[PDB]
Every structure is written in C-alpha cells, then in structure tokens.
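A.B. asks: I'd like to ask some things about the structure below.
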Amino acid sequence: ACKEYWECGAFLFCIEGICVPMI
C-alpha cells in the first residue's frame with residue numbers, strides 16, 4: 001500500500017497517493 005500505512009489508516013486502497021476505501 002502507501003508508504004505510511006497509518007496515513008491511510010486500516011486497510012485502504014491507494015490510488016496515486018490517495019487512500020480510498022476499497023469496494
């Protein structure tokens with residue numbers, strides 16, 4: 001995932017640096 005996992009939170013999908021919730 002993204003480098004800083006905690007930036008996204010708990011399990012997110014990264015799209016160009018943006019951590020979005022995966023469907």
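Letters for chains follow the order of the structure tokens (A, B, ...), residue numbers begin at 1 for each chain, and ligand numbers begin at 1 in the order shown.
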As a PyMOL selection string, please: every residue in chain A that a backbone DSSP assignment puts in strand (DSSP E).

C.D. replies: chain A and resi 13-15+18-20

A.B. asks: Apply DSSP to the structure's backbone, then extract all residues of chain A labelled helix (DSSP H, G or I) and return them as a ChimeraX atom specification.

C.D. replies: /A:5-8

A.B. asks: Using only C-alpha atoms, which protein or nucleic acid residues come within 9 Å of residue 2 in chain A? Drop anything in the same chain fewer than 6 positions from it, and give the result as a PyMOL selection string.

C.D. replies: chain A and resi 8+12-19
